[PDB]
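J.: Here it is, the structure in full.
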Amino acid sequence: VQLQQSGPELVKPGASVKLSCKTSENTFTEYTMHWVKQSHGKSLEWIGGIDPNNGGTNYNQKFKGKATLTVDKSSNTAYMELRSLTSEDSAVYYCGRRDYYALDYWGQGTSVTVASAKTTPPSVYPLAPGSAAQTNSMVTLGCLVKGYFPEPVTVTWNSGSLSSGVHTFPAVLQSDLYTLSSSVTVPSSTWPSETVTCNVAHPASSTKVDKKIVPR
Amino acid sequence: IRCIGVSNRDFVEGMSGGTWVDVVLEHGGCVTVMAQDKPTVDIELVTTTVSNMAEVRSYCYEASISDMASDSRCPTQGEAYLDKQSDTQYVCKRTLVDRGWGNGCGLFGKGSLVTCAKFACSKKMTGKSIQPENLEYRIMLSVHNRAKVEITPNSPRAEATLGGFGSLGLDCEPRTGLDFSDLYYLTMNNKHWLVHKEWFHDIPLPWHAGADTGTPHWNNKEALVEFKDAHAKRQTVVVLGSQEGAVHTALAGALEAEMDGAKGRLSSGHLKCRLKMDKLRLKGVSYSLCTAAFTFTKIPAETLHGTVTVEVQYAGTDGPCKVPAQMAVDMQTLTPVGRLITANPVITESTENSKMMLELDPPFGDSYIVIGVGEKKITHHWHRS
Amino acid sequence: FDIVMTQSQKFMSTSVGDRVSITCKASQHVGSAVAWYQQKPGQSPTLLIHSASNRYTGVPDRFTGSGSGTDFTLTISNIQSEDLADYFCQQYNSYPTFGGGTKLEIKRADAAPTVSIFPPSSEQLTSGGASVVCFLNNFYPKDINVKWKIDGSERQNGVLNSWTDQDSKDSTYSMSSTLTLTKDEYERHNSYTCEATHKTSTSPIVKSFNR
């Protein structure tokens with residue numbers, strides 16, 4: 001990933017938003033930057049492109065007026081500005097770079113949520129086994145991310161150290177509140193006899209939180 | 001005998017003693033100009049030439065295609081340009097092409113493209129002009145032997161000598177005579193033509209001005225060069241093949257011309273002349289009159305101009321002698337009425353039975369032609385109109 | 001104009017070591033200006049094949065592109081677990097257009113769910129909230145029924161179910177259930193249970209806890 005995109009956005013319907021993408025760790029200005037919308041139903045869609053030299057744009061007719069691509073040469077930072085947004089503008093916006101062929105390199109994308117609703121931070125709860133552990137040769141711990149808005153949230157385990165038997169379930173909206181959980185599988189010898197921490201982050205509401213799993 | 005079977009003739013008369021006649025002269029004709037106590041004379045304008053014909057133009061009818069390029073740009077990248085664009089030996093064609101991630105461009109749109117090629121000429125045909133300075137008239141003068149002269153507008157004075165008849169002087173040129181102000185001498189391969197100026201100036205082929213020297217500079221080179229179907233960076237160039245037949249079909253009419261060699265002959269004339277024949281001397285009015293007899297070896301036939309040709313045969317050692325030949329209505333006796341076209345005729349072969357032709361101009365109505373004198377003389381009746 | 005790229009297969013199934021051939025049909029002639037894209041769930045798309053049959057760097061020869069004119073086929077041989085993703089086509093002859101997408105599902109053995117149940121955290125009850133969580137990790141097939149029992153009696157309301165995508169290793173399905181209740185309502189009972197019925201067992205796999 002030679003492309004760093006901006007974080008997610010929450011935008012009130014009507015408002016405009018400017019997304020960013022950055023590149024280039026060497027002097028090679030002969031490439032192009034393009035933008036791709038991924039709406040739900042995982043359907044891809046080309047929005048437009050731009051040469052970071054002369055600034056030559058090129059928009060998809062569908063996005064004429066809606067999108068405006070601008071480039072910052074020296075910083076190697078491409079920008080895409082949307083305007084007068086609706087709920088059908090709410091989607092994942094990827095940025096891509098062409099060096100030789102088609103879409104050669106993709107960013108992780110910027111989740112754009114266009115809605116008139118307050119940004120709510122997630123409640124985080126540890127999930128240890130309950131009454132009578134009944135210790136098998138293995139054990140499973142959980143991390144509960146409840147009642148937040150909006151998506152996305154990132155959940156890892158022990159800052160990434162644990163990343164084998166790990167499952168992050170898709171979020172489920174309920175009464176304008178997203179909620180998800182995450183399971184992790186580890187050997188019984190190393191729990192509770194060790195430290196297991198889940199890392200929850202919610203960029204939309206500026207949030208880092210790490211609850212550890214504890215029996216009691 | 002001259003002007004015997006020639007169609008376009010003109011038996012124009014003359015003054016006796018005063019040596020000035022109006023002599024129009026056409027290509028492939030005759031002007032039987034008789035005179036006084038001088039031999040009758042035939043002036044015929046046979047040739048009309050033109051040397052030093054300067055080239056006005058040259059059209060290429062078979063072209064050769066040489067080294068070619070193709071400069072292309074991406075959209076929003078400006079216009080393209082090749083090395084030999086300003087090069088006058090090159091023909092070029094700019095266009096806009098589909099550009100995208102397929103060809104080798106980051107952006108989609110219409111990118112610039114310019115294609116050039118070097119022009120050569122395999123076969124060209126040439127149009128040359130006709131100046132009155134060029135023109136030159138070769139003219140024949142016969143006793144009605146025959147000397148030939150040449151009048152160049154730069155030297156309109158000539159003098160021919162004919163046997164024991166002395167000499168004929170000649171002075172002509174009517175400024176711009178049959179003036180070819182228009183009319184081009186168009187030589188193709190090796191076949192020639194006389195075409196009209198306008199038709200020549202409007203020919204759908206490449207062309208340059210004068211001669212050559214160091215590579216001409218054809219204009220309208222895209223008459224034989226077609227730029228076909230671009231791609232992104234490659235647009236094709238094609239020559240149209242030889243165009244000899246295409247010209248042949250268009251030139252099925254134009255008054256063809258012949259030449260030899262580099263001097264071009266044209267079938268046209270007109271030339272006003274004023275000649276002098278003081279140094280003309282019959283031959284010998286010292287010949288003695290023919291004493292023997294004759295014979296109508298050919299029956300006295302009429303010309304188309306009204307004169308009569310008559311053929312005799314002389315049985316006598318006497319020759320060279322003067323032929324007694326006249327016409328009469330009286331017949332008794334015995335003055336002449338009409339005139340001789342073949343004035344003061346003479347048998348010159350010595351022995352033996354020597355033939356001779358004569359042309360005479362009979363009076364209107366009945367008359368009798370007389371060949372010989374007194375006893376054993378020939379007579380023949382003849383009516384006129 | 002715009003150029004429709006059509007993939008008739010919304011979904012497509014296979015097992016490990018088999019071969020699959022996804023078909024992309026361009027409505028108009030695009031020559032060899034076609035690319036393919038793999039996108040694993042959660043990750044961003046990646047270039048696989050370009051030029052219509054030439055594969056991109058890193059890509060194993062298991063992935064073979066082909067086709068010209070209007071029809072292009074992406075063929076994956078010796079399919080592995082990690083191959084599960086969405087596969088997209090894309091013409092770049094004219095204005096870029098993508099295919100609808102084709103999800104590659106993997107089929108395998110039938111496996112039992114690893115059920116795990118946890119009471120509401122002490123931190124949560126302090127806020128009047130109480131959610132009981134029931135995990136069911138790595139079963140097969142996907143279809144699975146889970147029933148919440150509080151003191152014997154079923155509870156159909158206050159439950160949230162979420163299924164993960166098919167895993168990149170075992171290619172199984174881990175699903176999650178979450179019975180959300182008030183601290184008051186929660187404390188009025190003692191037993192708590194989740195009943196997981198599945199094809200791998202005639203009797204429901206049952207996990208519980210008390211107070």
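Here's how to read the names in the structure tokens: chain A, B, ... by the order shown, residue numbers from 1 in each chain, ligand numbers from 1 in the order shown.
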Please provide as a PyMOL selection string all residues within 6 Å of segment 180-195 of chain C, with the sequence filter that same-chain residues fewer than 5 positions apart are discarded (counting only C-alpha atoms).
T.: chain C and resi 125+128-131+146-151+158+204-211
J.: Excluding same-chain residues fewer than 5 positions from residue 19 of chain A, what lies within 12 Å of it counting only C-alpha atoms, as a ChimeraX atom specification?
T.: /A:4-11,35,67-71,77-83,92-95,109-112
J.: Compile a residue-level contact table for chain C against chain A at a cut-off of 8 Å, reporting for every qualifying residue the shortest atom pair and its distance in Å to one decimal, with only C-alpha atoms counted, rows ordered by chain and ascending number, as JSON lines.
T.:
```
{"residue": "C:35", "atom": "CA", "partner": "A:102", "partner_atom": "CA", "distance": 6.7}
{"residue": "C:43", "atom": "CA", "partner": "A:108", "partner_atom": "CA", "distance": 7.0}
{"residue": "C:44", "atom": "CA", "partner": "A:108", "partner_atom": "CA", "distance": 5.6}
{"residue": "C:45", "atom": "CA", "partner": "A:106", "partner_atom": "CA", "distance": 6.7}
{"residue": "C:46", "atom": "CA", "partner": "A:106", "partner_atom": "CA", "distance": 6.9}
{"residue": "C:47", "atom": "CA", "partner": "A:104", "partner_atom": "CA", "distance": 6.0}
{"residue": "C:50", "atom": "CA", "partner": "A:101", "partner_atom": "CA", "distance": 6.9}
{"residue": "C:51", "atom": "CA", "partner": "A:101", "partner_atom": "CA", "distance": 7.9}
{"residue": "C:92", "atom": "CA", "partner": "A:102", "partner_atom": "CA", "distance": 7.3}
{"residue": "C:95", "atom": "CA", "partner": "A:60", "partner_atom": "CA", "distance": 7.4}
{"residue": "C:96", "atom": "CA", "partner": "A:46", "partner_atom": "CA", "distance": 6.1}
{"residue": "C:97", "atom": "CA", "partner": "A:45", "partner_atom": "CA", "distance": 6.5}
{"residue": "C:98", "atom": "CA", "partner": "A:44", "partner_atom": "CA", "distance": 5.9}
{"residue": "C:99", "atom": "CA", "partner": "A:44", "partner_atom": "CA", "distance": 7.7}
{"residue": "C:100", "atom": "CA", "partner": "A:43", "partner_atom": "CA", "distance": 5.8}
{"residue": "C:101", "atom": "CA", "partner": "A:43", "partner_atom": "CA", "distance": 6.9}
{"residue": "C:116", "atom": "CA", "partner": "A:140", "partner_atom": "CA", "distance": 7.1}
{"residue": "C:117", "atom": "CA", "partner": "A:129", "partner_atom": "CA", "distance": 6.8}
{"residue": "C:118", "atom": "CA", "partner": "A:129", "partner_atom": "CA", "distance": 5.3}
{"residue": "C:119", "atom": "CA", "partner": "A:130", "partner_atom": "CA", "distance": 6.0}
{"residue": "C:120", "atom": "CA", "partner": "A:127", "partner_atom": "CA", "distance": 7.4}
{"residue": "C:121", "atom": "CA", "partner": "A:125", "partner_atom": "CA", "distance": 5.9}
{"residue": "C:123", "atom": "CA", "partner": "A:125", "partner_atom": "CA", "distance": 6.7}
{"residue": "C:124", "atom": "CA", "partner": "A:125", "partner_atom": "CA", "distance": 6.6}
{"residue": "C:133", "atom": "CA", "partner": "A:127", "partner_atom": "CA", "distance": 7.8}
{"residue": "C:135", "atom": "CA", "partner": "A:183", "partner_atom": "CA", "distance": 7.3}
{"residue": "C:160", "atom": "CA", "partner": "A:172", "partner_atom": "CA", "distance": 7.3}
{"residue": "C:161", "atom": "CA", "partner": "A:172", "partner_atom": "CA", "distance": 7.8}
{"residue": "C:162", "atom": "CA", "partner": "A:169", "partner_atom": "CA", "distance": 6.0}
{"residue": "C:163", "atom": "CA", "partner": "A:169", "partner_atom": "CA", "distance": 6.2}
{"residue": "C:164", "atom": "CA", "partner": "A:169", "partner_atom": "CA", "distance": 5.1}
{"residue": "C:174", "atom": "CA", "partner": "A:167", "partner_atom": "CA", "distance": 7.4}
{"residue": "C:175", "atom": "CA", "partner": "A:169", "partner_atom": "CA", "distance": 7.4}
{"residue": "C:176", "atom": "CA", "partner": "A:169", "partner_atom": "CA", "distance": 7.1}
{"residue": "C:209", "atom": "CA", "partner": "A:131", "partner_atom": "CA", "distance": 5.7}
{"residue": "C:210", "atom": "CA", "partner": "A:131", "partner_atom": "CA", "distance": 6.1}
{"residue": "C:211", "atom": "CA", "partner": "A:131", "partner_atom": "CA", "distance": 6.8}
```
J.: Hey, can you spit out that residue selection with N, CA and C atoms as a compact mmCIF listing (two decimals), in the first residue's frame?
T.:
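Written out: selection_30.txt:
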```
# COMPACT_ATOMS: atom_id res chain seq x y z
N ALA C 35 -9.00 -5.66 -17.23
CA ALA C 35 -8.27 -6.01 -16.02
C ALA C 35 -9.19 -6.79 -15.09
N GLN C 43 -10.45 -6.13 3.18
CA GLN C 43 -9.32 -5.56 2.46
C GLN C 43 -9.79 -4.75 1.25
N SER C 44 -8.85 -4.06 0.61
CA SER C 44 -9.13 -3.30 -0.60
C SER C 44 -8.75 -4.12 -1.83
N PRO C 45 -9.41 -3.85 -2.97
CA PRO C 45 -9.14 -4.59 -4.21
C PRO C 45 -7.66 -4.57 -4.64
N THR C 46 -7.27 -5.57 -5.43
CA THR C 46 -5.91 -5.68 -5.94
C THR C 46 -5.90 -6.10 -7.41
N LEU C 47 -4.90 -5.63 -8.15
CA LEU C 47 -4.73 -6.02 -9.56
C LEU C 47 -4.23 -7.46 -9.69
N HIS C 50 -4.06 -8.10 -16.23
CA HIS C 50 -4.30 -6.91 -16.99
C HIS C 50 -3.95 -7.18 -18.41
N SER C 51 -4.37 -6.32 -19.32
CA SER C 51 -4.19 -6.60 -20.71
C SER C 51 -5.05 -7.74 -21.15
N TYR C 92 -10.90 -0.90 -19.80
CA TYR C 92 -10.31 0.43 -19.80
C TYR C 92 -10.03 0.86 -21.24
N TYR C 95 -14.17 4.92 -21.08
CA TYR C 95 -14.37 5.25 -19.68
C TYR C 95 -14.51 3.98 -18.85
N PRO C 96 -13.60 3.79 -17.88
CA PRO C 96 -13.55 2.62 -17.01
C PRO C 96 -14.91 2.19 -16.47
N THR C 97 -15.20 0.90 -16.60
CA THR C 97 -16.39 0.32 -15.99
C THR C 97 -16.03 -1.04 -15.41
N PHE C 98 -16.62 -1.36 -14.27
CA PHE C 98 -16.34 -2.62 -13.59
C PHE C 98 -17.47 -3.61 -13.78
N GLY C 99 -17.20 -4.88 -13.49
CA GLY C 99 -18.24 -5.88 -13.52
C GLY C 99 -19.06 -5.78 -12.26
N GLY C 100 -20.16 -6.52 -12.21
CA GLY C 100 -21.02 -6.52 -11.03
C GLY C 100 -20.34 -7.16 -9.84
N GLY C 101 -19.40 -8.06 -10.13
CA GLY C 101 -18.68 -8.78 -9.10
C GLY C 101 -19.12 -10.23 -9.01
N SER C 116 -19.66 -20.83 22.62
CA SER C 116 -19.09 -20.23 23.83
C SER C 116 -20.04 -19.15 24.34
N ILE C 117 -20.27 -19.12 25.65
CA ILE C 117 -21.27 -18.21 26.21
C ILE C 117 -20.66 -17.39 27.33
N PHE C 118 -21.00 -16.10 27.38
CA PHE C 118 -20.48 -15.22 28.42
C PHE C 118 -21.56 -14.28 28.94
N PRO C 119 -21.66 -14.19 30.28
CA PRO C 119 -22.49 -13.23 31.01
C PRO C 119 -22.06 -11.80 30.74
N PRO C 120 -22.94 -10.82 31.00
CA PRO C 120 -22.58 -9.41 30.85
C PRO C 120 -21.42 -9.01 31.76
N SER C 121 -20.52 -8.20 31.24
CA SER C 121 -19.37 -7.74 32.01
C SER C 121 -19.83 -6.95 33.22
N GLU C 123 -18.54 -4.28 34.13
CA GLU C 123 -18.50 -2.88 33.72
C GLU C 123 -19.82 -2.45 33.09
N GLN C 124 -20.49 -3.39 32.44
CA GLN C 124 -21.73 -3.08 31.74
C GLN C 124 -22.92 -2.96 32.69
N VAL C 133 -23.49 -12.84 25.59
CA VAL C 133 -22.95 -13.11 24.26
C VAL C 133 -22.73 -14.60 23.98
N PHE C 135 -21.06 -16.99 21.13
CA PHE C 135 -20.27 -17.27 19.94
C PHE C 135 -20.48 -18.69 19.41
N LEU C 160 -29.34 -10.06 18.61
CA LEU C 160 -28.66 -9.57 17.41
C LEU C 160 -27.70 -10.63 16.88
N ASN C 161 -27.87 -11.01 15.61
CA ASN C 161 -27.05 -12.06 15.01
C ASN C 161 -26.17 -11.54 13.87
N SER C 162 -24.90 -11.91 13.89
CA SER C 162 -23.94 -11.45 12.89
C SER C 162 -23.05 -12.61 12.42
N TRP C 163 -23.01 -12.84 11.12
CA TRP C 163 -22.15 -13.90 10.58
C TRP C 163 -20.90 -13.30 9.95
N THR C 164 -19.74 -13.87 10.26
CA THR C 164 -18.52 -13.49 9.56
C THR C 164 -18.54 -14.09 8.16
N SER C 174 -17.95 -18.55 11.41
CA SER C 174 -18.13 -18.20 12.81
C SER C 174 -19.26 -17.18 12.90
N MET C 175 -20.31 -17.50 13.65
CA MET C 175 -21.41 -16.56 13.81
C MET C 175 -21.59 -16.16 15.26
N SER C 176 -22.26 -15.04 15.48
CA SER C 176 -22.39 -14.44 16.80
C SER C 176 -23.82 -14.05 17.13
N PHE C 209 -25.09 -21.10 31.68
CA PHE C 209 -24.47 -20.67 32.94
C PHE C 209 -25.54 -20.16 33.91
N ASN C 210 -25.21 -20.15 35.20
CA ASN C 210 -26.16 -19.73 36.23
C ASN C 210 -25.70 -18.52 37.05
N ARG C 211 -26.18 -18.46 38.28
CA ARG C 211 -25.83 -17.38 39.20
C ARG C 211 -25.78 -17.87 40.65
```
J.: Per residue of chain B within 10 Å of chain C, note the shortest atom pair and the distance in Å to one decimal, counting only C-alpha atoms, and order the rows by chain and increasing residue number, as a Markdown table.
T.:
```
| residue | atom | partner | partner_atom | distance |
| --- | --- | --- | --- | --- |
| B:98 | CA | C:94 | CA | 8.4 |
| B:99 | CA | C:94 | CA | 8.4 |
| B:100 | CA | C:93 | CA | 6.5 |
| B:101 | CA | C:92 | CA | 5.8 |
| B:102 | CA | C:33 | CA | 5.4 |
| B:103 | CA | C:93 | CA | 8.6 |
| B:107 | CA | C:95 | CA | 9.6 |
| B:108 | CA | C:95 | CA | 6.8 |
| B:109 | CA | C:94 | CA | 8.5 |
```
J.: For the residues selected in the previous step, produce a file with N, CA and C atoms as a compact mmCIF listing (two decimals), in the first residue's frame.
T.:
```
# COMPACT_ATOMS: atom_id res chain seq x y z
N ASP B 98 -8.48 8.52 -29.95
CA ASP B 98 -8.87 7.94 -28.67
C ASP B 98 -7.63 7.57 -27.87
N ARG B 99 -7.51 8.13 -26.68
CA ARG B 99 -6.44 7.79 -25.76
C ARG B 99 -7.01 7.33 -24.42
N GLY B 100 -6.33 6.38 -23.79
CA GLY B 100 -6.77 5.85 -22.51
C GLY B 100 -5.73 4.91 -21.93
N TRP B 101 -6.13 4.08 -20.98
CA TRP B 101 -5.23 3.13 -20.34
C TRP B 101 -4.79 2.03 -21.30
N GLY B 102 -5.48 1.91 -22.43
CA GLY B 102 -5.16 0.90 -23.42
C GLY B 102 -3.90 1.22 -24.18
N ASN B 103 -3.85 2.42 -24.76
CA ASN B 103 -2.71 2.83 -25.57
C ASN B 103 -1.44 2.96 -24.75
N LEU B 107 -4.75 9.18 -18.59
CA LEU B 107 -6.05 9.83 -18.71
C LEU B 107 -6.78 9.40 -19.97
N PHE B 108 -8.11 9.43 -19.91
CA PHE B 108 -8.93 9.10 -21.07
C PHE B 108 -9.37 10.36 -21.79
N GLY B 109 -9.37 10.31 -23.12
CA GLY B 109 -9.84 11.43 -23.90
C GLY B 109 -9.34 11.43 -25.33
```
J.: Report the closest atom pair, with its distance in Å rounded to one decimal, for each residue of chain A that has an atom no farther than 10 Å from chain B; count only C-alpha atoms, sort by chain and then rising residue number, and write it as JSON lines.
T.:
```
{"residue": "A:30", "atom": "CA", "partner": "B:106", "partner_atom": "CA", "distance": 9.1}
{"residue": "A:31", "atom": "CA", "partner": "B:106", "partner_atom": "CA", "distance": 7.1}
{"residue": "A:32", "atom": "CA", "partner": "B:106", "partner_atom": "CA", "distance": 5.8}
{"residue": "A:33", "atom": "CA", "partner": "B:106", "partner_atom": "CA", "distance": 8.6}
{"residue": "A:34", "atom": "CA", "partner": "B:106", "partner_atom": "CA", "distance": 9.3}
{"residue": "A:48", "atom": "CA", "partner": "B:107", "partner_atom": "CA", "distance": 9.1}
{"residue": "A:49", "atom": "CA", "partner": "B:107", "partner_atom": "CA", "distance": 6.8}
{"residue": "A:50", "atom": "CA", "partner": "B:107", "partner_atom": "CA", "distance": 7.2}
{"residue": "A:51", "atom": "CA", "partner": "B:107", "partner_atom": "CA", "distance": 7.5}
{"residue": "A:53", "atom": "CA", "partner": "B:77", "partner_atom": "CA", "distance": 9.8}
{"residue": "A:54", "atom": "CA", "partner": "B:77", "partner_atom": "CA", "distance": 7.7}
{"residue": "A:55", "atom": "CA", "partner": "B:76", "partner_atom": "CA", "distance": 8.6}
{"residue": "A:56", "atom": "CA", "partner": "B:76", "partner_atom": "CA", "distance": 5.6}
{"residue": "A:57", "atom": "CA", "partner": "B:107", "partner_atom": "CA", "distance": 7.7}
{"residue": "A:58", "atom": "CA", "partner": "B:107", "partner_atom": "CA", "distance": 6.9}
{"residue": "A:59", "atom": "CA", "partner": "B:108", "partner_atom": "CA", "distance": 9.4}
{"residue": "A:97", "atom": "CA", "partner": "B:106", "partner_atom": "CA", "distance": 9.4}
{"residue": "A:98", "atom": "CA", "partner": "B:106", "partner_atom": "CA", "distance": 6.7}
{"residue": "A:99", "atom": "CA", "partner": "B:106", "partner_atom": "CA", "distance": 8.0}
{"residue": "A:100", "atom": "CA", "partner": "B:104", "partner_atom": "CA", "distance": 7.8}
{"residue": "A:101", "atom": "CA", "partner": "B:101", "partner_atom": "CA", "distance": 6.6}
{"residue": "A:102", "atom": "CA", "partner": "B:101", "partner_atom": "CA", "distance": 6.5}
{"residue": "A:103", "atom": "CA", "partner": "B:101", "partner_atom": "CA", "distance": 9.6}
```
